[PDB]
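Below: input_6.pdb (PDB, C-alpha atoms)
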```pdb
ATOM      1  CA  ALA A   1       0.000   0.000   0.000
ATOM      2  CA  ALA A   2       1.068   3.594  -0.667
ATOM      3  CA  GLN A   3       0.045   6.710   1.280
ATOM      4  CA  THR A   4       0.894   9.795  -0.732
ATOM      5  CA  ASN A   5       1.852  13.084   0.910
ATOM      6  CA  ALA A   6       2.601  11.284   4.138
ATOM      7  CA  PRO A   7       4.393  12.847   7.106
ATOM      8  CA  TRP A   8       8.122  12.722   6.449
ATOM      9  CA  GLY A   9       8.734  10.250   9.278
ATOM     10  CA  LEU A  10       6.362   7.681   7.828
ATOM     11  CA  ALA A  11       7.965   8.039   4.406
ATOM     12  CA  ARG A  12      11.379   7.738   6.065
ATOM     13  CA  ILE A  13      10.630   4.433   7.777
ATOM     14  CA  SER A  14       9.754   2.785   4.445
ATOM     15  CA  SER A  15      12.648   4.280   2.471
ATOM     16  CA  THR A  16      16.318   3.630   1.796
ATOM     17  CA  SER A  17      16.747   7.408   1.329
ATOM     18  CA  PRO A  18      15.627  10.642   2.981
ATOM     19  CA  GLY A  19      13.696  13.215   1.017
ATOM     20  CA  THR A  20      10.625  11.284  -0.130
ATOM     21  CA  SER A  21       7.012  11.758   0.889
ATOM     22  CA  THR A  22       5.119   8.498   0.228
ATOM     23  CA  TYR A  23       4.768   5.830   2.929
ATOM     24  CA  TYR A  24       4.775   2.221   1.671
ATOM     25  CA  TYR A  25       3.619  -0.639   3.874
ATOM     26  CA  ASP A  26       1.953  -4.036   3.795
ATOM     27  CA  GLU A  27      -1.835  -3.669   3.940
ATOM     28  CA  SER A  28      -2.039  -5.942   7.006
ATOM     29  CA  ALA A  29      -1.119  -2.696   8.800
ATOM     30  CA  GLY A  30      -0.758  -4.149  12.305
ATOM     31  CA  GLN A  31      -4.217  -5.749  12.292
ATOM     32  CA  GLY A  32      -4.550  -8.127  15.234
ATOM     33  CA  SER A  33      -1.810  -6.419  17.263
ATOM     34  CA  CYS A  34      -2.227  -4.053  20.201
ATOM     35  CA  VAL A  35      -0.167  -1.053  21.297
ATOM     36  CA  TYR A  36      -0.436   0.452  24.766
ATOM     37  CA  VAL A  37       0.404   4.154  24.892
ATOM     38  CA  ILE A  38       1.470   4.889  28.469
ATOM     39  CA  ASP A  39       1.255   8.659  28.628
ATOM     40  CA  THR A  40      -1.165  11.574  29.245
ATOM     41  CA  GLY A  41      -4.074   9.644  27.699
ATOM     42  CA  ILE A  42      -5.557   9.417  24.211
ATOM     43  CA  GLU A  43      -8.436  11.411  22.721
ATOM     44  CA  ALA A  44     -10.040   8.242  21.420
ATOM     45  CA  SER A  45     -12.910  10.178  19.793
ATOM     46  CA  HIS A  46     -10.500  11.744  17.291
ATOM     47  CA  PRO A  47     -11.693  10.751  13.777
ATOM     48  CA  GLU A  48      -8.112   9.728  12.990
ATOM     49  CA  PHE A  49      -8.409   6.721  15.345
ATOM     50  CA  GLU A  50     -11.507   5.292  13.617
ATOM     51  CA  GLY A  51     -12.804   3.626  16.788
ATOM     52  CA  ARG A  52      -9.576   1.627  17.239
ATOM     53  CA  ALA A  53      -8.431   3.628  20.286
ATOM     54  CA  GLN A  54      -9.721   3.397  23.839
ATOM     55  CA  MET A  55      -8.669   4.392  27.331
ATOM     56  CA  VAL A  56      -8.214   1.396  29.616
ATOM     57  CA  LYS A  57      -6.703   2.933  32.761
ATOM     58  CA  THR A  58      -6.119   6.248  34.483
ATOM     59  CA  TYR A  59      -4.601   7.204  37.841
ATOM     60  CA  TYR A  60      -6.215  10.683  37.800
ATOM     61  CA  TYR A  61      -9.701  12.210  37.916
ATOM     62  CA  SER A  62     -10.185  11.642  34.180
ATOM     63  CA  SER A  63      -8.893   9.309  31.507
ATOM     64  CA  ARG A  64      -9.101  12.165  29.002
ATOM     65  CA  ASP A  65      -5.923  13.589  27.513
ATOM     66  CA  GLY A  66      -6.003  17.192  28.700
ATOM     67  CA  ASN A  67      -2.466  17.744  27.385
ATOM     68  CA  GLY A  68      -2.144  16.433  23.814
ATOM     69  CA  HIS A  69       1.189  14.620  24.162
ATOM     70  CA  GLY A  70      -0.313  11.137  24.520
ATOM     71  CA  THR A  71      -2.755  11.750  21.675
ATOM     72  CA  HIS A  72       0.134  12.826  19.433
ATOM     73  CA  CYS A  73       2.175   9.724  20.300
ATOM     74  CA  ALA A  74      -0.848   7.454  19.785
ATOM     75  CA  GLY A  75      -1.420   9.075  16.400
ATOM     76  CA  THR A  76       2.113   8.214  15.310
ATOM     77  CA  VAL A  77       1.586   4.597  16.405
ATOM     78  CA  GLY A  78      -1.726   4.013  14.732
ATOM     79  CA  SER A  79      -3.803   6.865  13.320
ATOM     80  CA  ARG A  80      -5.144   6.510   9.790
ATOM     81  CA  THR A  81      -3.094   9.425   8.373
ATOM     82  CA  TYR A  82      -0.257   9.912  10.857
ATOM     83  CA  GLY A  83       0.354   6.345  12.021
ATOM     84  CA  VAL A  84       2.796   3.567  11.243
ATOM     85  CA  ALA A  85       0.424   0.663  12.039
ATOM     86  CA  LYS A  86      -2.876   1.918  10.694
ATOM     87  CA  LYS A  87      -4.993  -1.071  11.804
ATOM     88  CA  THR A  88      -3.569  -1.751  15.276
ATOM     89  CA  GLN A  89      -5.700  -1.480  18.410
ATOM     90  CA  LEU A  90      -4.591   1.361  20.697
ATOM     91  CA  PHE A  91      -4.961   1.215  24.494
ATOM     92  CA  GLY A  92      -4.352   4.328  26.575
ATOM     93  CA  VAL A  93      -2.907   4.189  30.092
ATOM     94  CA  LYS A  94      -2.867   7.642  31.712
ATOM     95  CA  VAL A  95       0.147   7.728  34.029
ATOM     96  CA  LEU A  96       0.906  11.410  33.321
ATOM     97  CA  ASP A  97      -1.285  14.301  34.399
ATOM     98  CA  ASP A  98      -2.532  17.000  32.061
ATOM     99  CA  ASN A  99       0.661  18.989  32.659
ATOM    100  CA  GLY A 100       2.634  16.004  31.354
ATOM    101  CA  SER A 101       4.061  15.081  34.774
ATOM    102  CA  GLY A 102       3.864  11.859  36.724
ATOM    103  CA  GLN A 103       5.328  10.224  39.800
ATOM    104  CA  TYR A 104       7.579   7.236  39.212
ATOM    105  CA  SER A 105       5.357   5.158  41.515
ATOM    106  CA  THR A 106       2.384   5.787  39.205
ATOM    107  CA  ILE A 107       4.467   5.076  36.102
ATOM    108  CA  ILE A 108       5.625   1.777  37.640
ATOM    109  CA  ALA A 109       2.037   0.824  38.495
ATOM    110  CA  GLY A 110       1.052   1.604  34.910
ATOM    111  CA  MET A 111       3.734  -0.693  33.510
ATOM    112  CA  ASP A 112       2.707  -3.561  35.774
ATOM    113  CA  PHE A 113      -0.904  -2.817  34.790
ATOM    114  CA  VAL A 114      -0.080  -3.379  31.104
ATOM    115  CA  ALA A 115       1.758  -6.629  31.819
ATOM    116  CA  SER A 116      -1.428  -8.010  33.372
ATOM    117  CA  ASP A 117      -4.045  -6.157  31.327
ATOM    118  CA  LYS A 118      -2.866  -7.652  28.038
ATOM    119  CA  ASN A 119      -4.441 -10.893  29.290
ATOM    120  CA  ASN A 120      -7.805  -9.077  29.135
ATOM    121  CA  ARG A 121      -7.355  -8.011  25.496
ATOM    122  CA  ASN A 122      -7.422  -9.726  22.114
ATOM    123  CA  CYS A 123      -3.993  -9.287  20.527
ATOM    124  CA  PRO A 124      -3.334 -12.486  18.553
ATOM    125  CA  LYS A 125      -0.425 -10.908  16.654
ATOM    126  CA  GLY A 126       1.240  -9.536  19.784
ATOM    127  CA  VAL A 127       1.485  -6.640  22.206
ATOM    128  CA  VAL A 128       3.636  -3.490  22.246
ATOM    129  CA  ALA A 129       3.981  -0.700  24.809
ATOM    130  CA  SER A 130       5.158   2.807  23.924
ATOM    131  CA  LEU A 131       6.672   4.904  26.742
ATOM    132  CA  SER A 132       7.387   8.473  25.620
ATOM    133  CA  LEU A 133       8.419   9.497  29.112
ATOM    134  CA  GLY A 134      11.312   9.404  31.522
ATOM    135  CA  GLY A 135      13.319  11.067  34.246
ATOM    136  CA  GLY A 136      16.529  10.492  36.169
ATOM    137  CA  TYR A 137      18.007   7.042  36.741
ATOM    138  CA  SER A 138      15.862   4.745  38.881
ATOM    139  CA  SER A 139      16.509   1.029  39.292
ATOM    140  CA  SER A 140      12.843   0.505  40.219
ATOM    141  CA  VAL A 141      11.624   2.204  37.038
ATOM    142  CA  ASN A 142      14.060   0.173  34.937
ATOM    143  CA  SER A 143      12.963  -3.026  36.691
ATOM    144  CA  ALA A 144       9.314  -2.280  35.928
ATOM    145  CA  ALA A 145      10.161  -1.815  32.246
ATOM    146  CA  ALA A 146      12.155  -5.051  32.342
ATOM    147  CA  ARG A 147       9.188  -6.919  33.842
ATOM    148  CA  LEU A 148       6.822  -5.558  31.203
ATOM    149  CA  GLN A 149       9.201  -6.723  28.474
ATOM    150  CA  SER A 150       9.742 -10.117  30.157
ATOM    151  CA  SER A 151       5.959 -10.613  30.317
ATOM    152  CA  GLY A 152       5.773 -10.703  26.506
ATOM    153  CA  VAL A 153       5.330  -7.029  25.541
ATOM    154  CA  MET A 154       7.620  -5.242  23.090
ATOM    155  CA  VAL A 155       8.628  -2.212  25.178
ATOM    156  CA  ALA A 156       9.810   0.904  23.320
ATOM    157  CA  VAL A 157      11.036   3.837  25.435
ATOM    158  CA  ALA A 158      12.230   7.349  24.653
ATOM    159  CA  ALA A 159      15.959   7.962  25.022
ATOM    160  CA  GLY A 160      15.307  11.450  26.392
ATOM    161  CA  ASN A 161      15.783  15.032  25.211
ATOM    162  CA  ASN A 162      18.885  16.151  27.137
ATOM    163  CA  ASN A 163      21.540  15.822  24.390
ATOM    164  CA  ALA A 164      23.282  13.577  26.909
ATOM    165  CA  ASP A 165      24.122   9.943  27.563
ATOM    166  CA  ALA A 166      20.872   8.052  28.167
ATOM    167  CA  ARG A 167      22.632   5.876  30.788
ATOM    168  CA  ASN A 168      21.522   8.460  33.383
ATOM    169  CA  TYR A 169      17.799   8.343  32.575
ATOM    170  CA  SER A 170      14.995   5.840  33.158
ATOM    171  CA  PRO A 171      13.465   3.812  31.660
ATOM    172  CA  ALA A 172      15.847   4.747  28.800
ATOM    173  CA  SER A 173      18.787   3.065  30.548
ATOM    174  CA  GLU A 174      17.096  -0.332  31.009
ATOM    175  CA  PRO A 175      19.086  -2.720  28.776
ATOM    176  CA  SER A 176      16.292  -5.177  27.994
ATOM    177  CA  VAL A 177      13.828  -2.695  26.417
ATOM    178  CA  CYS A 178      14.110  -0.830  23.098
ATOM    179  CA  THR A 179      15.586   2.632  23.701
ATOM    180  CA  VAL A 180      14.801   5.045  20.866
ATOM    181  CA  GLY A 181      16.745   8.142  19.808
ATOM    182  CA  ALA A 182      15.468  10.826  17.426
ATOM    183  CA  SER A 183      16.525  11.938  13.937
ATOM    184  CA  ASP A 184      15.426  14.723  11.585
ATOM    185  CA  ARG A 185      14.298  14.789   7.959
ATOM    186  CA  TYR A 186      17.889  15.249   6.727
ATOM    187  CA  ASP A 187      19.093  12.148   8.598
ATOM    188  CA  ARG A 188      20.824  14.186  11.315
ATOM    189  CA  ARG A 189      20.657  13.221  14.962
ATOM    190  CA  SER A 190      17.997  15.484  16.427
ATOM    191  CA  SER A 191      19.618  18.364  18.319
ATOM    192  CA  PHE A 192      18.043  17.320  21.641
ATOM    193  CA  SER A 193      18.324  13.535  21.274
ATOM    194  CA  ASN A 194      20.101  11.599  23.961
ATOM    195  CA  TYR A 195      22.741   9.113  22.797
ATOM    196  CA  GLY A 196      24.992   6.412  24.227
ATOM    197  CA  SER A 197      25.546   2.678  24.223
ATOM    198  CA  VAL A 198      22.082   1.984  25.670
ATOM    199  CA  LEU A 199      20.303   3.238  22.543
ATOM    200  CA  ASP A 200      19.036   0.476  20.275
ATOM    201  CA  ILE A 201      17.639   2.446  17.344
ATOM    202  CA  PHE A 202      16.751   5.882  16.001
ATOM    203  CA  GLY A 203      13.406   6.977  14.634
ATOM    204  CA  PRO A 204      11.971  10.204  13.197
ATOM    205  CA  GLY A 205      11.646  12.745  15.978
ATOM    206  CA  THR A 206      12.030  16.314  14.661
ATOM    207  CA  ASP A 207       8.948  18.112  13.273
ATOM    208  CA  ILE A 208       6.536  15.167  13.454
ATOM    209  CA  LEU A 209       2.936  15.826  12.402
ATOM    210  CA  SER A 210       0.306  13.835  14.291
ATOM    211  CA  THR A 211      -3.048  14.033  16.062
ATOM    212  CA  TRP A 212      -3.757  16.491  18.873
ATOM    213  CA  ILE A 213      -6.608  17.085  21.296
ATOM    214  CA  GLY A 214      -9.709  18.925  20.174
ATOM    215  CA  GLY A 215      -9.799  16.803  17.025
ATOM    216  CA  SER A 216      -6.788  18.687  15.673
ATOM    217  CA  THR A 217      -3.241  18.054  14.429
ATOM    218  CA  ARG A 218       0.151  19.606  15.038
ATOM    219  CA  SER A 219       3.855  19.081  14.466
ATOM    220  CA  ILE A 220       6.125  18.736  17.525
ATOM    221  CA  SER A 221       9.577  17.292  18.226
ATOM    222  CA  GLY A 222      11.136  14.913  20.708
ATOM    223  CA  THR A 223      12.340  11.434  21.405
ATOM    224  CA  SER A 224       8.693  11.116  22.482
ATOM    225  CA  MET A 225       7.837  11.279  18.771
ATOM    226  CA  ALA A 226      10.527   8.809  17.670
ATOM    227  CA  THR A 227       9.431   6.152  20.174
ATOM    228  CA  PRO A 228       5.916   5.576  18.719
ATOM    229  CA  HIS A 229       7.392   5.192  15.220
ATOM    230  CA  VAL A 230       9.350   2.219  16.595
ATOM    231  CA  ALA A 231       6.389   0.917  18.627
ATOM    232  CA  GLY A 232       4.138   1.065  15.569
ATOM    233  CA  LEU A 233       6.839  -0.554  13.447
ATOM    234  CA  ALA A 234       7.118  -3.420  15.932
ATOM    235  CA  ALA A 235       3.351  -3.974  15.891
ATOM    236  CA  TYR A 236       3.402  -3.942  12.076
ATOM    237  CA  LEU A 237       6.278  -6.446  11.895
ATOM    238  CA  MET A 238       4.669  -8.712  14.497
ATOM    239  CA  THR A 239       1.413  -8.771  12.507
ATOM    240  CA  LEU A 240       3.487  -9.805   9.473
ATOM    241  CA  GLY A 241       4.924 -12.659  11.532
ATOM    242  CA  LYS A 242       8.497 -11.494  10.950
ATOM    243  CA  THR A 243       9.379 -11.122  14.638
ATOM    244  CA  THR A 244       8.009 -11.459  18.181
ATOM    245  CA  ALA A 245       7.700  -9.177  21.194
ATOM    246  CA  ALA A 246      10.878 -10.627  22.714
ATOM    247  CA  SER A 247      12.907 -10.268  19.505
ATOM    248  CA  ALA A 248      11.438  -7.214  17.735
ATOM    249  CA  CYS A 249      13.932  -4.608  18.980
ATOM    250  CA  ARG A 250      16.826  -6.768  17.817
ATOM    251  CA  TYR A 251      15.057  -7.478  14.513
ATOM    252  CA  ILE A 252      14.463  -3.758  13.953
ATOM    253  CA  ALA A 253      18.165  -3.152  14.591
ATOM    254  CA  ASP A 254      19.089  -6.081  12.288
ATOM    255  CA  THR A 255      17.019  -4.654   9.439
ATOM    256  CA  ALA A 256      17.610  -0.939  10.030
ATOM    257  CA  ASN A 257      19.153   1.512   7.621
ATOM    258  CA  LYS A 258      22.793   1.470   8.749
ATOM    259  CA  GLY A 259      25.359   4.252   8.834
ATOM    260  CA  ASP A 260      23.096   6.908   7.306
ATOM    261  CA  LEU A 261      22.717   9.355  10.225
ATOM    262  CA  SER A 262      25.033  12.277  10.910
ATOM    263  CA  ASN A 263      26.275  13.542  14.276
ATOM    264  CA  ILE A 264      26.034  10.117  15.920
ATOM    265  CA  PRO A 265      28.644  10.101  18.719
ATOM    266  CA  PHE A 266      31.295   7.418  18.611
ATOM    267  CA  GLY A 267      29.908   4.406  20.476
ATOM    268  CA  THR A 268      26.214   5.045  19.704
ATOM    269  CA  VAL A 269      24.482   2.871  17.107
ATOM    270  CA  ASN A 270      23.960   4.421  13.679
ATOM    271  CA  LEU A 271      20.706   2.608  12.930
ATOM    272  CA  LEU A 272      17.477   4.118  11.594
ATOM    273  CA  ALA A 273      14.203   2.190  11.855
ATOM    274  CA  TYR A 274      13.131   0.760   8.492
ATOM    275  CA  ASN A 275      10.247  -1.534   7.546
ATOM    276  CA  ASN A 276      12.059  -3.152   4.576
ATOM    277  CA  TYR A 277       8.751  -3.230   2.723
ATOM    278  CA  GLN A 278       9.049  -4.097  -0.966
ATOM    279  CA  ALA A 279       5.958  -2.858  -2.796
TER     280      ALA A 279
END
```

As structure tokens, the full file:
Amino acid sequence: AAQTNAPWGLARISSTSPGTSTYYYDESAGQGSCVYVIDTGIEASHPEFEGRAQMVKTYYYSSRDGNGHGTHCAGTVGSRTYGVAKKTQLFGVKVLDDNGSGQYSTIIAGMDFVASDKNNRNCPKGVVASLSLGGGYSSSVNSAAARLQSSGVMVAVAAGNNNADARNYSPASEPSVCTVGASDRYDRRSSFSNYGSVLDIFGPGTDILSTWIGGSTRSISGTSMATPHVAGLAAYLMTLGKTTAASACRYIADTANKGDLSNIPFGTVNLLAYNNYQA
């Protein structure tokens, strides 16, 4: 399938070259997979989600996304226009308040929630969790991410936006999950992207158009935007049967575009997420 005039990041993930604008992908489109977006919530009523999004958990007075961040990330995972995996089921877990903040104890509870809650959902092609969040190093936060991954969920986490080594941030620094840095439309490391040996992969993160609250759209930047590209890609590849939740990060690295990014510090992988779809 071909989506013309797609957001640059979608075109990038199906291309051997920057500078194109059509996204190519197998029509299975993540059908039968599920992606949890652990964030500020999801505006599930947005027409772009087509009834495939729902809130399943909140730790606050509402499950609504009063911020926009979680809706934007969910749109990159799975919205009809802005999403990688256009037929996945999206489940929102609101661990962040409407200011975008959240206590680590709530974030940990949300991760353990997903590990159990997947057993209450129909996801025959597999389960992914997208975590566009983080703070300073915490062994407990890393352990929660490790448990979620161990339970059979492909965990993708943001590297962070400090232009620093991600070893000092969580859950970015957890080795067993998929830690995602950000790139721009010219294949440069995004100016804010964290780096370091703990990164597994880069995805599009600068000037990413997606859904926003109030039934709207906007373009924003961050490793928060790169992470859902990778989460959606994992769901898509799992639906195709090419990989599993336990092996998808490694498979994405195996099949990535290699050596094409600029300003990658020595010792950080130079790998850009790529669906290897042949139309």

- Query: Leaving out region 261-266 of chain A and any residue of its chain fewer than 5 positions from it, which residues lie within 6 Å of it when counting only C-alpha atoms, given as a PyMOL selection string?
  - Reply: chain A and resi 187-189

If you keep C-alpha atoms, can you produce a file of those selected residues as a PDB file, in the coordinates of the input?
```pdb
ATOM      1  CA  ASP A 187      19.093  12.148   8.598  1.00  0.00           C
ATOM      2  CA  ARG A 188      20.824  14.186  11.315  1.00  0.00           C
ATOM      3  CA  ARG A 189      20.657  13.221  14.962  1.00  0.00           C
TER       4      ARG A 189
END
```

Region 76-106 of chain A residues near region 224-240 of chain A within 12 Å, closest pair each, using only C-alpha atoms, as a tab-separated table:
```
residue	atom	partner	partner_atom	distance
A:76	CA	A:228	CA	5.7
A:77	CA	A:232	CA	4.4
A:78	CA	A:232	CA	6.6
A:79	CA	A:232	CA	10.1
A:82	CA	A:229	CA	10.0
A:83	CA	A:232	CA	7.4
A:84	CA	A:232	CA	5.2
A:85	CA	A:232	CA	5.1
A:86	CA	A:232	CA	8.6
A:87	CA	A:236	CA	8.9
A:88	CA	A:235	CA	7.3
A:89	CA	A:235	CA	9.7
A:90	CA	A:232	CA	10.1
A:100	CA	A:224	CA	11.8
```

- What residues come out when you apply the PyMOL selection byres ((chain A and resi 60) around 9) to this file, written as a PyMOL selection string? chain A and resi 58-59+61-63+94-97

- Item | Counting all atoms listed in the file, the residue of A:146, A:256, A:246, A:269 that sits nearest residue 196 (chain A) |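 Answer, going by the shortest atom-to-atom distance: A:269.
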
- Message: I'd like the residues picked by the PyMOL selection byres ((chain A and resi 39) around 8) written out as an NGL selection string, using the chain letters and numbers from the file.
- Response: :A and (37-38 or 40-41 or 69-70 or 92-96 or 100 or 131-133)

Can you write out as CSV which residues of region 17-68 of chain A fall within 12 Å of region 119-130 of chain A, alongside each residue's closest atom pair and its distance in Å to one decimal, counting all atoms listed in the file and ordering rows by chain and ascending residue number?
```
residue,atom,partner,partner_atom,distance
A:28,CA,A:125,CA,11.0
A:29,CA,A:125,CA,11.4
A:30,CA,A:125,CA,8.0
A:31,CA,A:125,CA,7.7
A:32,CA,A:125,CA,5.2
A:33,CA,A:125,CA,4.7
A:34,CA,A:127,CA,4.9
A:35,CA,A:128,CA,4.6
A:36,CA,A:129,CA,4.6
A:37,CA,A:130,CA,5.0
A:38,CA,A:130,CA,6.2
A:39,CA,A:130,CA,8.5
A:54,CA,A:121,CA,11.8
A:56,CA,A:121,CA,10.3
```

- Quick one: pull the distance between CA of residue 169 (chain A) and CA of residue 112 (chain A), Å, one decimal.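 Value for the CA of residue 169 (chain A)-CA of residue 112 (chain A) distance: 19.5 Å.
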
- Item | Å distance separating CA of residue 170 (chain A) from CA of residue 249 (chain A), one decimal place | 17.6 Å

Take the PyMOL selection byres ((chain A and resi 158-162) around 6), apply it to the structure above, and return the hits as an mmCIF file with C-alpha atoms, keeping the file's coordinate frame.
```
data_model
loop_
_atom_site.group_PDB
_atom_site.id
_atom_site.type_symbol
_atom_site.label_atom_id
_atom_site.label_comp_id
_atom_site.auth_asym_id
_atom_site.auth_seq_id
_atom_site.Cartn_x
_atom_site.Cartn_y
_atom_site.Cartn_z
ATOM 1 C CA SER A 132 7.387 8.473 25.620
ATOM 2 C CA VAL A 157 11.036 3.837 25.435
ATOM 3 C CA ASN A 163 21.540 15.822 24.390
ATOM 4 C CA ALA A 164 23.282 13.577 26.909
ATOM 5 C CA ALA A 166 20.872 8.052 28.167
ATOM 6 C CA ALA A 172 15.847 4.747 28.800
ATOM 7 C CA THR A 179 15.586 2.632 23.701
ATOM 8 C CA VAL A 180 14.801 5.045 20.866
ATOM 9 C CA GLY A 181 16.745 8.142 19.808
ATOM 10 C CA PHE A 192 18.043 17.320 21.641
ATOM 11 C CA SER A 193 18.324 13.535 21.274
ATOM 12 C CA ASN A 194 20.101 11.599 23.961
ATOM 13 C CA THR A 223 12.340 11.434 21.405
ATOM 14 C CA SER A 224 8.693 11.116 22.482
ATOM 15 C CA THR A 227 9.431 6.152 20.174
#
```

Completed region 49-61 of chain A (N, CA, C and O atoms) as a PDB file, keeping the file's coordinate frame:
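As written to disk, selection-v3.pdb reads:
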```
ATOM      1  N   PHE A  49      -8.555   8.036  14.729  1.00  0.00           N
ATOM      2  CA  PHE A  49      -8.409   6.721  15.345  1.00  0.00           C
ATOM      3  C   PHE A  49      -9.471   5.722  14.912  1.00  0.00           C
ATOM      4  O   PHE A  49      -9.292   4.520  15.142  1.00  0.00           O
ATOM      5  N   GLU A  50     -10.561   6.182  14.297  1.00  0.00           N
ATOM      6  CA  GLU A  50     -11.507   5.292  13.617  1.00  0.00           C
ATOM      7  C   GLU A  50     -12.127   4.257  14.554  1.00  0.00           C
ATOM      8  O   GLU A  50     -12.480   3.157  14.116  1.00  0.00           O
ATOM      9  N   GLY A  51     -12.255   4.574  15.840  1.00  0.00           N
ATOM     10  CA  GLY A  51     -12.804   3.626  16.788  1.00  0.00           C
ATOM     11  C   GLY A  51     -11.833   2.577  17.286  1.00  0.00           C
ATOM     12  O   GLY A  51     -12.231   1.720  18.086  1.00  0.00           O
ATOM     13  N   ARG A  52     -10.576   2.608  16.844  1.00  0.00           N
ATOM     14  CA  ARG A  52      -9.576   1.627  17.239  1.00  0.00           C
ATOM     15  C   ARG A  52      -8.816   2.019  18.493  1.00  0.00           C
ATOM     16  O   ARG A  52      -7.973   1.240  18.944  1.00  0.00           O
ATOM     17  N   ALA A  53      -9.072   3.196  19.054  1.00  0.00           N
ATOM     18  CA  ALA A  53      -8.431   3.628  20.286  1.00  0.00           C
ATOM     19  C   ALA A  53      -9.423   3.614  21.442  1.00  0.00           C
ATOM     20  O   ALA A  53     -10.618   3.863  21.266  1.00  0.00           O
ATOM     21  N   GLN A  54      -8.909   3.353  22.638  1.00  0.00           N
ATOM     22  CA  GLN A  54      -9.721   3.397  23.839  1.00  0.00           C
ATOM     23  C   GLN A  54      -8.807   3.617  25.030  1.00  0.00           C
ATOM     24  O   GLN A  54      -7.661   3.164  25.037  1.00  0.00           O
ATOM     25  N   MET A  55      -9.319   4.332  26.026  1.00  0.00           N
ATOM     26  CA  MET A  55      -8.669   4.392  27.331  1.00  0.00           C
ATOM     27  C   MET A  55      -9.017   3.170  28.166  1.00  0.00           C
ATOM     28  O   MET A  55     -10.193   2.797  28.281  1.00  0.00           O
ATOM     29  N   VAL A  56      -7.999   2.553  28.759  1.00  0.00           N
ATOM     30  CA  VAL A  56      -8.214   1.396  29.616  1.00  0.00           C
ATOM     31  C   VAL A  56      -7.861   1.649  31.075  1.00  0.00           C
ATOM     32  O   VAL A  56      -8.270   0.853  31.937  1.00  0.00           O
ATOM     33  N   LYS A  57      -7.123   2.710  31.388  1.00  0.00           N
ATOM     34  CA  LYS A  57      -6.703   2.933  32.761  1.00  0.00           C
ATOM     35  C   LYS A  57      -6.292   4.382  32.929  1.00  0.00           C
ATOM     36  O   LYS A  57      -5.645   4.951  32.048  1.00  0.00           O
ATOM     37  N   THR A  58      -6.656   4.965  34.067  1.00  0.00           N
ATOM     38  CA  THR A  58      -6.119   6.248  34.483  1.00  0.00           C
ATOM     39  C   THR A  58      -5.866   6.223  35.981  1.00  0.00           C
ATOM     40  O   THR A  58      -6.527   5.489  36.720  1.00  0.00           O
ATOM     41  N   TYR A  59      -4.901   7.028  36.423  1.00  0.00           N
ATOM     42  CA  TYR A  59      -4.601   7.204  37.841  1.00  0.00           C
ATOM     43  C   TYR A  59      -5.040   8.574  38.351  1.00  0.00           C
ATOM     44  O   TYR A  59      -4.709   8.948  39.486  1.00  0.00           O
ATOM     45  N   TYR A  60      -5.798   9.312  37.539  1.00  0.00           N
ATOM     46  CA  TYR A  60      -6.215  10.683  37.800  1.00  0.00           C
ATOM     47  C   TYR A  60      -7.732  10.792  37.662  1.00  0.00           C
ATOM     48  O   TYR A  60      -8.425   9.820  37.353  1.00  0.00           O
ATOM     49  N   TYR A  61      -8.251  12.012  37.871  1.00  0.00           N
ATOM     50  CA  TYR A  61      -9.701  12.210  37.916  1.00  0.00           C
ATOM     51  C   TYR A  61     -10.376  11.949  36.580  1.00  0.00           C
ATOM     52  O   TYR A  61     -11.597  11.774  36.547  1.00  0.00           O
TER      53      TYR A  61
END
```
